[PDB]
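Considered here are two forms of the same protein chain, supplied as structure tokens in two stand-alone entries, structure 1 and structure 2.
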Structure 1
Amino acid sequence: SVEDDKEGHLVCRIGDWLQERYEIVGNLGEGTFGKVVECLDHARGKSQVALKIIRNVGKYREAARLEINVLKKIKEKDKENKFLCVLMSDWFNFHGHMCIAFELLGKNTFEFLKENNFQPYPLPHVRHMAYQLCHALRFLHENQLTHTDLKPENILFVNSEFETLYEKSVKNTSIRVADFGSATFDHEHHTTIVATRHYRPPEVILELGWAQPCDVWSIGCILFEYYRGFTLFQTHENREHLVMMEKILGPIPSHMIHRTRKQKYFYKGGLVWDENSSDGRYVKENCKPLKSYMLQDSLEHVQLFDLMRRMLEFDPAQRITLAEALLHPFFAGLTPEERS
């Protein structure tokens, strides 16, 4: 009544069941880890879930068990569900397949941006999404947890039904934070390489140790991307990425240069970088001081850029915390509806 293919995926398709409770009604994508299927939960109101079905492969089974354990601790600290994390509704071991059920939500903030032709979110939408992202991660950070992999693809709209205006505009900017697979408690082993390239802070690139400030850097990057529709750091190499940071944000703190094992990036305390090369000319022409990317010069825009610069502080010990970010004057622009 159950089988696996040669990769250890669960053989299944639309119409199948699990646990005499989940009825598979759609495909939501695959990965190295296994499958995600849209299911009706017949033990709820035939309510829609995303069900992640992990391969019958040791290393994926164990990675899923650690993710479940994280999701269980978040749940215990947020019973009331106030801090805007994607809801884990159930989990089970199905013949060696770890299965995790989540509340089905709408498009991720990246898919929505792509489908609007990368035309940026209006500032009031950036502000509401920023506020929820700060609120969600502040709660995790105060419970000794770092996400480590915040990116637009991991931030979901609760409903992504949009109005078309003379541009697509999402009707409701309520979001949830997903993908706790890499989340790390203060007392746990911190792996060396965290965050996706574009969202990765200097203290991770220089391997100087990381903690909650890692997520604040990622959020600064994400807010830039919501505001302009393109990524702040478009590079796949550490030495170029640090040069881009310097051109956009100012000089790297000399104590971070002194402490890094990666001395090869530096000569007499300066980044090794040939301004005259092809790559040199490209970075010169495309990576300007952060303020030069504002679209308007009214207060609301100035306030976003001031908050964003404090989220992109090189030194993680000087970087704004999310408890501080939530008091920033940028958030006075929220409606009384958004602010709760």
Structure 2
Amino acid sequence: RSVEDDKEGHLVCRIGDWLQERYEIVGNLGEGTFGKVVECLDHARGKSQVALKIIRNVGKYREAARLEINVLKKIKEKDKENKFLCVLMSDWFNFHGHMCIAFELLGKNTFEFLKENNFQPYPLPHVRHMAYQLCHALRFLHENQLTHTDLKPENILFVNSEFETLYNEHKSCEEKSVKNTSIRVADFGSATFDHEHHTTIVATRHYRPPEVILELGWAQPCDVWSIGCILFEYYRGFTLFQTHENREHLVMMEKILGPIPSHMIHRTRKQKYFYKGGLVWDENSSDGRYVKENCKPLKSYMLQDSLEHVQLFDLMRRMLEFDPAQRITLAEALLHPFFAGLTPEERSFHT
């Protein structure tokens, strides 16, 4: 009957509340800028578990959620079998101006698992299987003229995030290892079809490619850049580009990956970042000092020198190509030698 929302537009709601007259809230799953996610029991479909994304009562976010519902439904029509690992939408509705999307309940997202593991990195076999799945899911989207644009660890969910705790003797610390590394891709609120208007700036800043910063236009290679940043973060446990400002971000890119190719510099209208073909920046700023203290060349972040590690870094570097026309495609990444080390079960998604 009566319903309340806060000045930020979120729905005020506690455990035990019902929505429509079928979803009963039984836990909190997290909250973004979009709204909240809550675990609900579906009293219309067997008292079964759904995750319920409750969107803020704000124009911008309602709109993004209508867009997301159109993507999700188009995806489930293109993939009736669920073979391409996108979260499965079971229902949607409008609850007093809050768009609500019901999803099949999954475990922790890959960021939260990492955070609860004190940011100890995923083991390489896990990184490999997660990479394979992301590549598979996104390659599917890509070939259906879709680009996600907001890939990041929080938008990647474990199907089941149950773990075992081992004791690591090198690190003199306990360590959690997820029992099943099957994942799903979430959050299509920013997903853009080839034929739709492309906003100048997309992606969360840390996962944002240089073509976006340099306003060179973007398309599917944007997601491949994001994936490379994500694999790094899974493998080291910290963010590759821990940045909050464009100039600083470009400096990190150069320091981690080498010079921005001169042809992208010629093409950009953001010439304020350059002078005589070189990036311009204040080395004495807190931003400058931070990047000089902390950003080193990609290869130096490698933890082990064995082949499987060498190959991950070859893959990552091909995903972090500056030029989006030369950046590896996901179709091509799926053929990369790094993936030879998957088990047959992993390769066939029987996990």
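C-alpha atoms forming the largest set that superposes within 1.5 Å between two forms make up the rigid core. Numbers follow structure 1, counted from its first residue as 1.
A movement of the C-alpha atom of residue 297 falling short of 2 angstroms is seen between the two structures when the two forms are aligned on their rigid core.
In this overlay on the rigid core, residue 324 has a C-alpha that sits less than 2 Å away from its partner position between the two structures. C-alpha superpositions between the two structures give a turn of 16 degrees for the smaller rigid part relative to the larger.
Aligning the rigid core leaves the CA of residue 199 displaced by 0.2 Å between the two structures. On rigid-core superposition between the two structures, the C-alpha of residue 53 is found to move 3.3 angstrom.
At residue 66, the distance the Cα travels between the two structures is 1.6 Å after the core is superposed.
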